Amino acid sequence: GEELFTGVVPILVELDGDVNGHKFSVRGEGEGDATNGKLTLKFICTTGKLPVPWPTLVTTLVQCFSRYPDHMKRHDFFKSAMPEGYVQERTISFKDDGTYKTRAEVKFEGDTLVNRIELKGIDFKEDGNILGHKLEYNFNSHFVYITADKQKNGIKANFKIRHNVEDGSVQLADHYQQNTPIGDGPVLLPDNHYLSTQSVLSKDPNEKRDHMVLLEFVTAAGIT
Ligand SMILES: [Mg+2]
Ligand SMILES: [Mg+2]
Ligand SMILES: [Mg+2]
Ligand SMILES: [Mg+2]
Ligand SMILES: [Mg+2]
């Protein structure tokens, strides 16, 4: 799949969500560039006002675009499954609050790398940090710790996302993640390694809808 990730690649993101009964959709459009490890995307709430904070959806809203050092190019599970793609499933547990269960299909449709997601959020506390919109419109940098799954012919990741809250606290969102290939093949099963992740959130001034502009930089490390 590498050759598919030389140069820039256009991206489409689709997310249908339901959190404590509130239903919504998100559409994301942009460009990735795995040589650099760089995404630039604009997501729009296609259905109205987003019932949850934009930052809680960042990890859900294309890890195939991780810049992999040449001395690790063989541990790049994500790229090795293209163009056919992968299923990405997570349990995201917000500390002291609800849980997101997500299922996404990531794959090429022609030229465009597509992310189509269903998200279901349960047990969210009314006027918690999430439903009570107390989270800052920013993001921190994280480590995403990956290991292979012999059995599923795939990988597992595990990381804790730290969301800044308006009172200066930190809402942890614990992430367990499971990826399995779609198409038929053996795929690249990595020894233990991580992704170093960095992200910046911003707004487009001439956009009258509720939206999120995202810049992300990701590179893989942990192997010498
Ligand atoms: Mg949509
Ligand atoms: Mg290198
Ligand atoms: Mg689901
Ligand atoms: Mg309960
Ligand atoms: Mg971290």
Side-chain angles (χ1 to χ4, degrees), residues 11-32 39-48 50-66 86-106 113-125 128-142 144 157-166 170-179 195 197-204 207 209-215 217-218:
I11 295 161
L12 177 66
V13 178
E14 292 176 4
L15 182 151
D16 297 321
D18 178 350
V19 175
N20 283 33
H22 300 283
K23 291 168 184 292
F24 63 91
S25 306
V26 170
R27 176 154 53 224
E29 289 184 356
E31 323 168 331
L39 302 169
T40 61
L41 283 152
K42 183 178 175 179
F43 302 91
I44 166 62
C45 181
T46 49
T47 49
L50 206 71
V52 286
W54 278 108
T56 68
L57 302 173
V58 171
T59 59
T60 299
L61 294 172
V62 288
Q63 293 179 330
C64 49
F65 290 104
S66 304
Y86 54 79
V87 177
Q88 176 157 316
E89 296 165 306
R90 298 206 176 101
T91 300
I92 303 169
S93 305
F94 295 88
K95 184 167 172 178
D96 307 320
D97 211 323
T99 298
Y100 292 167
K101 309 290 285 203
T102 65
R103 189 183 193 279
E105 286 178 357
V106 191
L113 189 289
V114 191
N115 186 17
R116 302 181 184 286
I117 311 125
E118 265 206 332
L119 171 151
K120 163 161 197 66
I122 58 265
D123 309 326
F124 280 89
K125 306 195 304 202
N129 278 323
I130 291 76
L131 290 176
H133 296 271
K134 300 177 181 186
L135 293 179
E136 290 176 358
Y137 190 86
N138 47 44
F139 221 74
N140 295 281
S141 303
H142 306 100
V144 175
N158 299 92
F159 53 106
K160 288 200 167 251
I161 295 289
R162 282 158 295 97
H163 302 295
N164 301 336
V165 189
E166 63 180 9
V170 167
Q171 173 80 49
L172 295 170
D174 176 79
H175 286 58
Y176 165 80
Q177 181 186 324
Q178 13 182 11
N179 295 62
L195 303 185
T197 57
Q198 289 126 132
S199 305
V200 168
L201 316 190
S202 52
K203 300 280 188 189
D204 186 332
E207 175 52 77
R209 296 157 294 174
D210 198 32
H211 66 286
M212 177 178 59
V213 184
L214 173 55
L215 151 69
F217 274 126
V218 180

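Counting begins at 1 with the first residue of the sequence.
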Would you say the side chain of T56 lies within less than 4.5 Å of the side chain of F94, judging by non-hydrogen atoms? yes
Short side-chain to backbone donor-acceptor contact, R90 and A157, under 3.5 Å: no
Are the side chain of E207 and the backbone N or O of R209 linked by a donor-acceptor pair below 3.5 Å? yes
With a 3.5 Å distance limit and no angle check, can you tell me whether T197 reaches the backbone of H142 through a side-chain donor-acceptor pair? yes
Under 3.5 Å, side chain of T47 to main-chain N/O of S25, donor-acceptor pair present? yes
So do the side chains of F43 and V13 get within less than 4.5 Å of each other, counting heavy atoms only? yes
So, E29 and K42, do they make that salt bridge, N to O below 4.0 Å? no
Are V213 and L201 close enough that some pair of their side-chain heavy atoms sits under 4.5 Å apart? no
Minimal non-hydrogen separation, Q63 against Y86, with atom names: N-OH, 3.4 Å
Looking at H211 and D204, would you say the former's side chain and the latter's main chain have a donor-acceptor pair under 3.5 Å? yes
Ion pair present between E118 and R103, side-chain N to carboxylate O less than 4.0 angstrom? no
Side chain proximity check, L113 to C64, heavy atoms < 4.5 angstrom: yes
Tell me if the centroids of the rings in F124 and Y100 come within less than 6.0 Å of each other. yes
